[PDB]
Amino acid sequence: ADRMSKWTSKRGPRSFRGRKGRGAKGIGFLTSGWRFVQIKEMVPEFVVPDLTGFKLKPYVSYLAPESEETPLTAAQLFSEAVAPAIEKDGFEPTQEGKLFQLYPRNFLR
Amino acid sequence: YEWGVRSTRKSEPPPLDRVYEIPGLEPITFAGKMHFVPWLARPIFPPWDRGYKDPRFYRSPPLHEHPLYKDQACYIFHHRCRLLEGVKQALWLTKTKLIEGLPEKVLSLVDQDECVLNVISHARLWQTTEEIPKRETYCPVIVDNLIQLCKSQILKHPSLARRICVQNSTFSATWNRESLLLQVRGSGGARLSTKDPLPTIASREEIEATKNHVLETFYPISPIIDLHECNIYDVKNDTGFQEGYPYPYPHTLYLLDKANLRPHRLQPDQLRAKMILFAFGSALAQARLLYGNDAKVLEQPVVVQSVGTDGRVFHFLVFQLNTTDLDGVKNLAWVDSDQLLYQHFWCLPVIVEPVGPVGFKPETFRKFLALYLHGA
Amino acid sequence: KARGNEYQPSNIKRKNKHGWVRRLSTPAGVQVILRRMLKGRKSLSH
Amino acid sequence: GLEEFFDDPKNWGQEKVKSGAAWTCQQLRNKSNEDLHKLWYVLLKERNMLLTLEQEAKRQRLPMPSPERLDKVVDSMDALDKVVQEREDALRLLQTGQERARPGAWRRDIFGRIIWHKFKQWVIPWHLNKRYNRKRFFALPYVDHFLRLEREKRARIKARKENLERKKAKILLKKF
Amino acid sequence: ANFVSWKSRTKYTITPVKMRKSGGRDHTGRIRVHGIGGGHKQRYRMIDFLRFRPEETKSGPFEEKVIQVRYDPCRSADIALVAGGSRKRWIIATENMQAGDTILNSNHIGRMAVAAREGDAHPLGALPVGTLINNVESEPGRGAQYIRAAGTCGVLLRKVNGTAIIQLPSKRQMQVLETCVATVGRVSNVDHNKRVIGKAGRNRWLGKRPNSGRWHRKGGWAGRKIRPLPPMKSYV
Amino acid sequence: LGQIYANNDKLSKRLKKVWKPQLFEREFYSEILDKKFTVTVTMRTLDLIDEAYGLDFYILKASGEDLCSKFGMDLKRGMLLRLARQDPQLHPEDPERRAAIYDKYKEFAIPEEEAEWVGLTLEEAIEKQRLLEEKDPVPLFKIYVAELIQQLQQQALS
Amino acid sequence: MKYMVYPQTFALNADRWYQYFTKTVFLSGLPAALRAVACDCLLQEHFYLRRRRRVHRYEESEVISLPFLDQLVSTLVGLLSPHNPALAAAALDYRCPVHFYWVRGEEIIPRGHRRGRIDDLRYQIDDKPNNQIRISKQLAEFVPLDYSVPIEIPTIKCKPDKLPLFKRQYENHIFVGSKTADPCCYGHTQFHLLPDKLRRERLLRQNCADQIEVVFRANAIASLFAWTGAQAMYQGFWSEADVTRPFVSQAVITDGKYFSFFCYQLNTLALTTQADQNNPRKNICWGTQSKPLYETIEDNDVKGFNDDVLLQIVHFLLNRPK
Amino acid sequence: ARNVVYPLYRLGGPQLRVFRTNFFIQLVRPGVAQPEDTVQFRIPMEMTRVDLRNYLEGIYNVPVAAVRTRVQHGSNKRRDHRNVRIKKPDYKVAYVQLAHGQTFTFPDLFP
RNA sequence: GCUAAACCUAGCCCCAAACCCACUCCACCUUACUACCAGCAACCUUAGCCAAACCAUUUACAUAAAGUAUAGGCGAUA
RNA sequence: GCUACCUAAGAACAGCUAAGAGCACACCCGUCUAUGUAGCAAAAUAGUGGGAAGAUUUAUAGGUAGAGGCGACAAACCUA
RNA sequence: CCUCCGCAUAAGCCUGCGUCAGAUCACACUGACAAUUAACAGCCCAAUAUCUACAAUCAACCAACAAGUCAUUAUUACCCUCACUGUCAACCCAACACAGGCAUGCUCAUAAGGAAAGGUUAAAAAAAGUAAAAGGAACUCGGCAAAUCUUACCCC
Ligand SMILES: [Mg+2]
Ligand SMILES: [Mg+2]
Ligand SMILES: [Mg+2]
Ligand SMILES: [Mg+2]
Ligand SMILES: [Mg+2]
Ligand SMILES: [Mg+2]
Ligand SMILES: [Mg+2]
Ligand SMILES: [Mg+2]
Ligand SMILES: [Mg+2]
Ligand SMILES: [Mg+2]
Ligand SMILES: [Mg+2]
Ligand SMILES: [Mg+2]
Ligand SMILES: [Mg+2]
Ligand SMILES: [Mg+2]
Ligand SMILES: [Mg+2]
Ligand SMILES: [Mg+2]
Ligand SMILES: [Mg+2]
Ligand SMILES: [Mg+2]
């Protein structure tokens, strides 16, 4: 009668076992006579690029010199897209009619 | 007496907060937050409608606003409609004379039992692992076997290769009486379909002679009484096939009644009535297909048959549809009621009485065979 | 007869009897939970 | 193919493999978005390979050829994550002016302690969500006492810490 | 304390409805009535007690045909399945009520009285004085509450003004409006009174836990009381 | 809620007692709001109203700690607001009448920004405050742009 | 508890496994009115028969196809009773179950209190053929009892559980379409259709295009074996009293368009390791690649109809018991 | 991708993308003699069978024929000086059958 | 001569001062640690042991005035 | 989650004789004896026995809680 | 030589006699490594109206009483397929590797599953059996227990 062991899908009776799961993220819904309905849009499609002719490697040669850190804040970013502004003397008010919403995230990772 | 009980009804929403009566200040509610708090008033939300449409959480319009809702109620018949008055009511609905015997020609078309016995045994004992099979299993099976047996005289009669029994065929047929609108609907039963139409049983003198005899009144039961009263119906008749389908002419409606409980099953009179209705309906549809929907007395009256249900009992029916003009001459049906092959089957031996069908009679089988034959 | 085994386990019952949700459901239950928290217990509810 | 889940067949059974340094953040910052993405997949495969190797080692009762490399890779990955995330944050700030993308708010629960309730994401509005309205966000008077008690406990702990520190200092002084 | 009552079926129906037992319990969960529960399972045929009610869009008196006369598990009086027009319904049967038999259901308080057939239903205005009745309403269009058990019958004692006076089975008088509906004759299944139970098993089946063994010393109440029948009760 | 000695002698039982007041239901007109309210009022309340003459007057006159009801407080607040704004309460055809009514209660009638908060609980007040100073955050980009503009201006000047 | 063998399996290269279990040898190949009828049957279900309730893609094989198949069976049978008299007396059974239970090989118990004891590992097939044709006389032999055919049975290098094949303990059943008390104990043609899971489109979508033929083959190996086995059992024979005369049956698996044809030759019920050391006998399965009965249906007109398939079907139907 | 909020797919909405995948995987030697063409991986709990299939297909360009996952329990028994139970972590195992009869013997490392 | 003994620093107590804590990501009121769909809601004198040698009214919850005025089965005591 | 009573929806009762019937398994209870009494056991074992198609036995989930419940009253039972 | 047990499923427990390495009635004890793969089982079902009188008992005759366990229809809405979790063991509740308790399906002498005796001696006393001359209740509170079986009569 352990209180200390973490409650999981292995632990209960049949119904309990059926219900819980691990952190899987469901891929569809369930209907009629327990027929699962896998929706393609719910499934995450991995957007892998082509690595042919890609000169970067997973480690960096020791000979590369040291340099001090610079946390990329917003001000810096603005400065590095301020030339056009300067010339004048590129911004969204809302982003509700936009695919990749910056605030209440749509995009994954 | 109002049925319902107060404690099981949806509870009355609690008395609206007292700030809302005061004209006109802004009531501070918990709608500023996104959760209930007891302090702060109960907010009144606008009735939310989901913009886009998701099928799995769909809500239909009210019955008022439907694309074909009519004011005059149509009374509709299906496999599960199960009449209070049985056959007399059915006849009234159909407009028809009942005749207590099968016709002579069919009978003649009779003029082996071991096979039948074997079939029965198979149905009631052999066809599945578990001892004592259930009627939901065996009733259709028996019928199917009988049909097969009947077919197995194609060697004798080569015209029997011009037919086919078909399973998921529906129909619809609509008509008037006193006048109230009536409709019939398709089966959950087999349909023996032929290329050629059946020949007429009654002569045009016999048909004429129907005029004298009256339909049976049965007050005060209303004739519709047990049919689905329905607004929102659509008046289109329909044979269960598109145009240019070979084997279009309906021979026999092999409609059955499975169901392991006594209550779920039809009771024989009711079953008979249903059969009759089906016969009328298919026949009516055929007539409509042939001529116009403009009502009249027919030149070549169509004939449809129907065999009853149940592994044990059998209700045989032939239907002579001769008038699209209801509301003169009337139609006429020939029934051989509740004839029954085999009175009881024993699956296990009692203790004396062996494992098999007691009370067998082949007359029923013969009748069935005759019915099957009719056209050839 | 032998009376030692009063306990006779079934998880569903336990969860209904003694689960977090049940505790939450009353003020008393809530208080219990609070007390446990104060004490510093590793398993507040079952 | 599945050849990528292991390293070069030359290196199987050496006990020492050369693989210099992780990606420092500055370098990552200097690189493009697409480029960064590309690098990520390169990293990922390597990581997987390393993991596989580790597993193999565990199976065989033997030590890893060079477990620092795995660590380095991990570090690099972390750096990459940071850089991109930082950029995203900056973008958000520029556009909407929001620290954190996922929305929430300060909510007092049953137990009285104020929590950052992160918002969960739904199809229907909160007012007719059957489950959400059960999850109550308020205290009631029976909680105040408990809160007070908790506070007291916290204070006691703090006191203990402080006095202990002082004592230690005193001891040190005595010693020297 | 989970207790939703099974009485929750707004639509009238003939189909026998599923029925949860009580145990003599309340919604609290405590025993409010002793000697209840653990009987045989039952299903409820919803009885239409408002005898005169025309079907949708119909006005005056109508006829009915009896189809079946069944045993009801819920009560001592056996019941009858009735049909009229397009709708069927269960009603409480009278004595000698047969299958295939006709019943009248009148609203009409006639000039003269109406010679009643054992089954049929009329206002108390239409009935002769001294006719046996059952399923008596307390007001017009109220519904039948009184004289419903097996073999029961109250005589119509007299009519004065627009009111009739009834003798209930208990014998206490009851004054009602003249227009309130009743059915004539005595209620079906006479001889329910004389049905010997035979054993405690039967009782158990019926759904009655036994009496407690606690010995109670009898008190004041326990002697025979001879009283005059209490004053005639009016609903006017 | 109190206790009584049994026969009002101390040497008998002490036993607990709740004296309840006699509640009534009554309609009530108010000229300031123009509406008929049905209220759970007692006879003392009625007496008080009579003393003060108008119900409205009573509501206004009676202090918040003697009113002893949240509904009453709310009503008072509403009245105050009405007095302040000079809202169309009786609509067209009765402007003179409205004016007269207002003049009847020339006394009282606090500035509008005080009358909003009258008769609130603490929690309610807090909520109101939150609502007031809610606002979606200003994009940093805009701020940056402004700064840039300022800088440019400065440059131009020098 | 015994391995629960499913004929219409999703598992990959299951054929070999099935063969191993059964001890079969698979071999490629074999040992106008009608056409019109077939066409009509095809049309009826896809076009002419008016559906009240709408048909979805999950609902397609159940509602459209099975009934079509049934129609084909029955009508064809009717047609061929003149050409072949045995089908008149023959009992035709719709969706009537076929159970067969046998033992193949030893398994030392790996762990628990039963560890290190020889458990003879058991199997069972429980098929439901869409429909089948049973006769009282046994069919012809095809190939002689004891035929060498040196191509050899698959090896199988591990436990049968690794092919996703699970254990269960329930009623052990040796059942031909009907019980022993029944004259029609022998069989010949067996009609299967595959469910939604083993549609070829699905296979294509996955990377198992190789396994489009395989599934059918596996099914043939299984169900046919079970049927023959059942028949053998019904005539006394079993693992020790092994069959004296070769039991034979026929199959035609399908999925709507694509049919193929599978004869089966049962030479052994001796599958227990006791009775296999002195055993050169082995069962045989003949088989074609799945060929389309038609290209497509444009409204009410079969486009590219295939008569070869029809002919094959006829042949299957029309073989006699001597 | 593990430990991320997944956006809510309503009905007409877009495909869910994973740019920069969070979970990373390890292929292992089978313990109990598997068939040829089977490959045994250790999935991180949150990742699905479908996901695994997709993952293999994209990043490694492998023809995956079938996938079958399974949740292995990691032992809770085993204690400290304190008598507190150290829990070995529970992980997910994946049986991935290759296509085209590709075949894959797990190679010898540490020769 | 074995069992054993022995040992200072872990930390802690009382103060003084000063008003504390609480979002890496993910999950957590449904059976908490559970990605994703149409219903209710908090406030209501403490009591009793005990003392009165029982027990029944009653019985406490900066300094000084003062244990004073008072109260009290005019007693316990307050 | 024991037991007392109930509610929901379940399951079980071989064989022989002819109905809260008889004999008699499985199941339930626990008459009399012996053993056991820091025991195999904080009420057991061996036999012998009462019941075993019913007011029977019993698995699951829910309900009634102490100024209470529940009780075919034994002032029973309500986690030794 | 036993088998009054066995294999499953349910509930419960949660890696608890698998491999290697290691230590200390006799050697399931510590560390590392491995394992249970879905088709079985859980995890369901778009609205609004509208329908559901005739048990079960081989369901057939008989026969009842306690009166019962398995159903739609109409119209509108709707193409997307097989994700997720249980799957080990010599096992649960009784502080124990406790003669106790523990639901259902098969198996009713077993094709499962097991071992009453560490060795020796053969005293008393004690426990469980088997034995019996002659007698046969003379025993004792009582034929309790045992053995063979069955007569009559009270009380309640
Ligand atoms: Mg009594
Ligand atoms: Mg008494
Ligand atoms: Mg005292
Ligand atoms: Mg003292
Ligand atoms: Mg005393
Ligand atoms: Mg008995
Ligand atoms: Mg007995
Ligand atoms: Mg007593
Ligand atoms: Mg006593
Ligand atoms: Mg197992
Ligand atoms: Mg114990
Ligand atoms: Mg053995
Ligand atoms: Mg021993
Ligand atoms: Mg010894
Ligand atoms: Mg002797
Ligand atoms: Mg003596
Ligand atoms: Mg004596
Ligand atoms: Mg004795």
# chains A, B, ... in the order shown; residues from 1 in each chain; ligands from 1

$ residues_around --residues "residue 65 (chain J)" --least-positions-apart "4" --cutoff "12 Å" --atoms "only C-alpha atoms (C1' of nucleotides)" --output "number ranges by chain"
E: 29-30; J: 69-70, 78

$ residues_near_ligand --ligand "ligand 13" --cutoff "7 Å" --atoms "only C-alpha atoms (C1' of nucleotides) and all ligand atoms" --output "list in words"
residues 115, 116 and 117 of chain K

$ atom_distance --atom1 "CA of residue 103 (chain H)" --atom2 "CA of residue 202 (chain G)"
22.7 Å

$ residues_around --residues "region 306-309 of chain B" --least-positions-apart "2" --cutoff "7 Å" --atoms "only C-alpha atoms (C1' of nucleotides)" --output "mmCIF file with C-alpha atoms, in the first residue's frame"
data_model
loop_
_atom_site.group_PDB
_atom_site.id
_atom_site.type_symbol
_atom_site.label_atom_id
_atom_site.label_comp_id
_atom_site.auth_asym_id
_atom_site.auth_seq_id
_atom_site.Cartn_x
_atom_site.Cartn_y
_atom_site.Cartn_z
ATOM 1 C CA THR B 252 -40.051 -12.662 -52.991
ATOM 2 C CA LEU B 253 -39.213 -10.617 -49.867
ATOM 3 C CA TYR B 254 -37.294 -13.076 -47.650
ATOM 4 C CA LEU B 255 -37.728 -11.023 -44.491
ATOM 5 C CA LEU B 256 -36.965 -12.601 -41.135
ATOM 6 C CA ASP B 257 -37.070 -11.824 -37.405
ATOM 7 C CA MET B 275 -44.782 -8.745 -44.510
ATOM 8 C CA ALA B 279 -45.106 -6.599 -50.306
ATOM 9 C CA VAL B 304 -44.702 -9.719 -55.171
ATOM 10 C CA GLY B 311 -36.530 -20.963 -37.532
ATOM 11 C CA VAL B 313 -42.713 -21.095 -37.783
ATOM 12 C CA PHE B 314 -43.363 -19.891 -41.376
ATOM 13 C CA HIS B 315 -45.892 -17.333 -42.728
ATOM 14 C CA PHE B 316 -46.210 -17.528 -46.542
ATOM 15 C CA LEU B 317 -47.634 -14.578 -48.524
ATOM 16 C CA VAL B 318 -48.422 -13.637 -52.132
#

$ select_by_dssp --residues "region 81-171 of chain D" --states "helix (DSSP H, G or I)" --output "VMD selection string"
chain D and resid 81 to 95 126 to 128 141 to 171

$ residues_around --residues "residue 96 (chain H)" --least-positions-apart "6" --cutoff "8 Å" --atoms "only C-alpha atoms (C1' of nucleotides)" --output "ChimeraX atom specification"
/H:38-41,64-68

$ write_last_selection --atoms "N, CA and C atoms" --output "JSON list (two decimals), in the first residue's frame"
[["chain", "number", "residue", "atom", "x", "y", "z"],
["H", 38, "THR", "N", 15.10, -6.91, -37.39],
["H", 38, "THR", "CA", 14.65, -6.19, -36.20],
["H", 38, "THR", "C", 15.80, -5.38, -35.60],
["H", 39, "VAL", "N", 15.49, -4.15, -35.20],
["H", 39, "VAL", "CA", 16.43, -3.23, -34.57],
["H", 39, "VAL", "C", 15.79, -2.75, -33.28],
["H", 40, "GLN", "N", 16.52, -2.85, -32.16],
["H", 40, "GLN", "CA", 15.99, -2.46, -30.86],
["H", 40, "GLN", "C", 16.55, -1.10, -30.40],
["H", 41, "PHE", "N", 15.66, -0.12, -30.23],
["H", 41, "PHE", "CA", 16.01, 1.21, -29.71],
["H", 41, "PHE", "C", 15.46, 1.43, -28.32],
["H", 64, "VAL", "N", 11.92, 2.15, -42.62],
["H", 64, "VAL", "CA", 11.27, 1.48, -41.48],
["H", 64, "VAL", "C", 9.97, 0.83, -41.94],
["H", 65, "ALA", "N", 9.87, -0.49, -41.75],
["H", 65, "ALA", "CA", 8.72, -1.27, -42.19],
["H", 65, "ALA", "C", 7.62, -1.35, -41.14],
["H", 66, "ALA", "N", 8.02, -1.58, -39.89],
["H", 66, "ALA", "CA", 7.10, -1.56, -38.76],
["H", 66, "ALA", "C", 7.82, -1.17, -37.47],
["H", 67, "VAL", "N", 7.05, -0.65, -36.52],
["H", 67, "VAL", "CA", 7.56, -0.26, -35.20],
["H", 67, "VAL", "C", 6.63, -0.82, -34.14],
["H", 68, "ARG", "N", 7.21, -1.33, -33.06],
["H", 68, "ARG", "CA", 6.43, -1.79, -31.91],
["H", 68, "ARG", "C", 7.13, -1.37, -30.61]]

$ atom_distance --atom1 "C1' of residue 22 (chain I)" --atom2 "CA of residue 28 (chain C)"
24.7 Å

$ residues_near_ligand --ligand "ligand 2" --cutoff "12 Å" --atoms "only C-alpha atoms (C1' of nucleotides) and all ligand atoms" --output "list in words"
residues 210, 211, 212, 213, 214, 215, 216, 217 and 218 of chain E; 72 and 73 of chain J

$ write_last_selection --atoms "N, CA, C and O atoms (P, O5', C5', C4', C3', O3' and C1' of nucleotides)" --output "PDB file, in the first residue's frame"
ATOM      1  N   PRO E 210     -37.605  -8.024   7.861  1.00  0.00           N
ATOM      2  CA  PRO E 210     -38.402  -8.381   9.038  1.00  0.00           C
ATOM      3  C   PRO E 210     -38.449  -7.301  10.124  1.00  0.00           C
ATOM      4  O   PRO E 210     -37.625  -6.386  10.131  1.00  0.00           O
ATOM      5  N   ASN E 211     -39.422  -7.431  11.022  1.00  0.00           N
ATOM      6  CA  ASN E 211     -39.528  -6.582  12.211  1.00  0.00           C
ATOM      7  C   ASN E 211     -38.368  -6.825  13.171  1.00  0.00           C
ATOM      8  O   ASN E 211     -37.833  -7.932  13.227  1.00  0.00           O
ATOM      9  N   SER E 212     -37.987  -5.795  13.928  1.00  0.00           N
ATOM     10  CA  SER E 212     -36.872  -5.901  14.878  1.00  0.00           C
ATOM     11  C   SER E 212     -37.255  -6.709  16.112  1.00  0.00           C
ATOM     12  O   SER E 212     -38.424  -6.753  16.501  1.00  0.00           O
ATOM     13  N   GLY E 213     -36.257  -7.330  16.730  1.00  0.00           N
ATOM     14  CA  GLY E 213     -36.459  -8.105  17.950  1.00  0.00           C
ATOM     15  C   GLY E 213     -36.613  -7.301  19.229  1.00  0.00           C
ATOM     16  O   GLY E 213     -36.991  -7.857  20.262  1.00  0.00           O
ATOM     17  N   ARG E 214     -36.303  -6.004  19.169  1.00  0.00           N
ATOM     18  CA  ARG E 214     -36.447  -5.099  20.315  1.00  0.00           C
ATOM     19  C   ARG E 214     -37.856  -5.204  20.881  1.00  0.00           C
ATOM     20  O   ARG E 214     -38.830  -4.902  20.184  1.00  0.00           O
ATOM     21  N   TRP E 215     -37.960  -5.660  22.125  1.00  0.00           N
ATOM     22  CA  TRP E 215     -39.250  -5.774  22.781  1.00  0.00           C
ATOM     23  C   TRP E 215     -39.684  -4.427  23.342  1.00  0.00           C
ATOM     24  O   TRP E 215     -39.033  -3.875  24.233  1.00  0.00           O
ATOM     25  N   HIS E 216     -40.801  -3.929  22.813  1.00  0.00           N
ATOM     26  CA  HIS E 216     -41.402  -2.675  23.234  1.00  0.00           C
ATOM     27  C   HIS E 216     -42.576  -2.976  24.148  1.00  0.00           C
ATOM     28  O   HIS E 216     -43.456  -3.755  23.779  1.00  0.00           O
ATOM     29  N   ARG E 217     -42.592  -2.367  25.333  1.00  0.00           N
ATOM     30  CA  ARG E 217     -43.756  -2.443  26.211  1.00  0.00           C
ATOM     31  C   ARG E 217     -44.843  -1.549  25.628  1.00  0.00           C
ATOM     32  O   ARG E 217     -44.591  -0.376  25.354  1.00  0.00           O
ATOM     33  N   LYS E 218     -46.038  -2.106  25.425  1.00  0.00           N
ATOM     34  CA  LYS E 218     -47.168  -1.344  24.873  1.00  0.00           C
ATOM     35  C   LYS E 218     -47.610  -0.224  25.820  1.00  0.00           C
ATOM     36  O   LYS E 218     -47.558  -0.375  27.040  1.00  0.00           O
TER      37      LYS E 218
ATOM     38  P     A J  72     -32.471  -6.519  11.350  1.00  0.00           P
ATOM     39  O5'   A J  72     -33.156  -7.900  11.755  1.00  0.00           O
ATOM     40  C5'   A J  72     -34.310  -7.950  12.612  1.00  0.00           C
ATOM     41  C4'   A J  72     -34.465  -9.328  13.219  1.00  0.00           C
ATOM     42  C3'   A J  72     -33.205  -9.956  13.815  1.00  0.00           C
ATOM     43  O3'   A J  72     -33.201  -9.744  15.226  1.00  0.00           O
ATOM     44  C1'   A J  72     -34.234 -11.454  12.253  1.00  0.00           C
ATOM     45  P     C J  73     -32.306  -8.586  15.865  1.00  0.00           P
ATOM     46  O5'   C J  73     -32.483  -8.813  17.431  1.00  0.00           O
ATOM     47  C5'   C J  73     -31.531  -9.580  18.195  1.00  0.00           C
ATOM     48  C4'   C J  73     -31.429  -9.028  19.593  1.00  0.00           C
ATOM     49  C3'   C J  73     -32.703  -9.117  20.433  1.00  0.00           C
ATOM     50  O3'   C J  73     -32.424  -9.360  21.805  1.00  0.00           O
ATOM     51  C1'   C J  73     -31.979  -6.890  20.344  1.00  0.00           C
TER      52        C J  73
END

$ residues_near_ligand --ligand "ligand 5" --cutoff "12 Å" --atoms "only C-alpha atoms (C1' of nucleotides) and all ligand atoms" --output "ChimeraX atom specification"
/I:53-55

$ residues_near_ligand --ligand "ligand 7" --cutoff "12 Å" --atoms "only C-alpha atoms (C1' of nucleotides) and all ligand atoms" --output "ChimeraX atom specification"
/J:21-24,50-52

$ residues_around --residues "residue 2 (chain C)" --least-positions-apart "4" --cutoff "12 Å" --atoms "only C-alpha atoms (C1' of nucleotides)" --output "JSON, numbers by chain"
{"C": [6], "J": [2, 41, 42, 43, 44, 80], "K": [94, 100, 101]}

$ interface_residues --of "chain D" --to "chain B" --cutoff "9 Å" --atoms "only C-alpha atoms" --output "PDB file with C-alpha atoms, in the first residue's frame"
ATOM      1  CA  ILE D 124     -13.982  26.440 -25.583  1.00  0.00           C
ATOM      2  CA  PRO D 125     -14.139  29.536 -23.338  1.00  0.00           C
ATOM      3  CA  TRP D 126     -13.366  29.246 -19.608  1.00  0.00           C
ATOM      4  CA  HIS D 127     -16.936  30.046 -18.471  1.00  0.00           C
ATOM      5  CA  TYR D 132     -11.679  24.037 -15.208  1.00  0.00           C
ATOM      6  CA  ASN D 133     -14.397  25.589 -12.998  1.00  0.00           C
ATOM      7  CA  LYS D 135     -10.182  23.868 -10.095  1.00  0.00           C
ATOM      8  CA  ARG D 136     -10.808  26.665  -7.585  1.00  0.00           C
ATOM      9  CA  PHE D 137      -8.385  29.591  -7.154  1.00  0.00           C
ATOM     10  CA  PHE D 138      -9.204  31.057  -3.723  1.00  0.00           C
TER      11      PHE D 138
END

$ residues_near_ligand --ligand "ligand 17" --cutoff "9 Å" --atoms "only C-alpha atoms (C1' of nucleotides) and all ligand atoms" --output "list in words"
residues 137, 138, 139 and 140 of chain K

$ residues_around --residues "residue 49 (chain J)" --least-positions-apart "2" --cutoff "10 Å" --atoms "only C-alpha atoms (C1' of nucleotides)" --output "PDB file with N, CA, C and O atoms (P, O5', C5', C4', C3', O3' and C1' of nucleotides), in the first residue's frame"
ATOM      1  P     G J  30     -20.453 -18.934  12.216  1.00  0.00           P
ATOM      2  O5'   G J  30     -20.332 -20.413  12.799  1.00  0.00           O
ATOM      3  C5'   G J  30     -21.428 -21.045  13.492  1.00  0.00           C
ATOM      4  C4'   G J  30     -21.085 -22.481  13.821  1.00  0.00           C
ATOM      5  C3'   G J  30     -20.109 -22.674  14.978  1.00  0.00           C
ATOM      6  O3'   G J  30     -20.500 -23.772  15.788  1.00  0.00           O
ATOM      7  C1'   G J  30     -19.240 -23.696  13.032  1.00  0.00           C
ATOM      8  P     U J  31     -20.919 -23.534  17.307  1.00  0.00           P
ATOM      9  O5'   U J  31     -21.381 -24.985  17.769  1.00  0.00           O
ATOM     10  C5'   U J  31     -22.768 -25.286  18.006  1.00  0.00           C
ATOM     11  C4'   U J  31     -22.979 -26.778  18.119  1.00  0.00           C
ATOM     12  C3'   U J  31     -22.007 -27.544  19.001  1.00  0.00           C
ATOM     13  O3'   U J  31     -22.432 -27.479  20.359  1.00  0.00           O
ATOM     14  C1'   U J  31     -22.316 -28.693  16.947  1.00  0.00           C
ATOM     15  P     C J  32     -21.366 -27.277  21.532  1.00  0.00           P
ATOM     16  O5'   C J  32     -20.613 -28.681  21.577  1.00  0.00           O
ATOM     17  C5'   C J  32     -21.260 -29.854  22.106  1.00  0.00           C
ATOM     18  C4'   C J  32     -20.453 -31.100  21.811  1.00  0.00           C
ATOM     19  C3'   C J  32     -18.986 -31.084  22.209  1.00  0.00           C
ATOM     20  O3'   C J  32     -18.765 -31.277  23.603  1.00  0.00           O
ATOM     21  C1'   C J  32     -19.191 -32.016  20.054  1.00  0.00           C
ATOM     22  P     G J  47      -9.567 -34.426   8.575  1.00  0.00           P
ATOM     23  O5'   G J  47     -10.910 -34.854   9.321  1.00  0.00           O
ATOM     24  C5'   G J  47     -11.336 -36.233   9.382  1.00  0.00           C
ATOM     25  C4'   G J  47     -11.658 -36.650  10.801  1.00  0.00           C
ATOM     26  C3'   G J  47     -13.131 -36.696  11.168  1.00  0.00           C
ATOM     27  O3'   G J  47     -13.773 -37.859  10.651  1.00  0.00           O
ATOM     28  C1'   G J  47     -11.950 -35.604  12.890  1.00  0.00           C
TER      29        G J  47
END

$ residues_around --residues "residue 242 (chain B)" --least-positions-apart "2" --cutoff "7 Å" --atoms "only C-alpha atoms (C1' of nucleotides)" --output "ChimeraX atom specification"
/B:244-245 /G:48-50

$ write_last_selection --atoms "C-alpha atoms" --output "compact mmCIF listing (two decimals), in the first residue's frame"
# COMPACT_ATOMS: atom_id res chain seq x y z
CA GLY B 244 -30.57 -0.08 -65.79
CA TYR B 245 -30.00 -2.61 -62.97
CA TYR G 48 -26.81 0.16 -58.54
CA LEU G 49 -27.78 -0.64 -54.93
CA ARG G 50 -28.85 2.70 -53.40
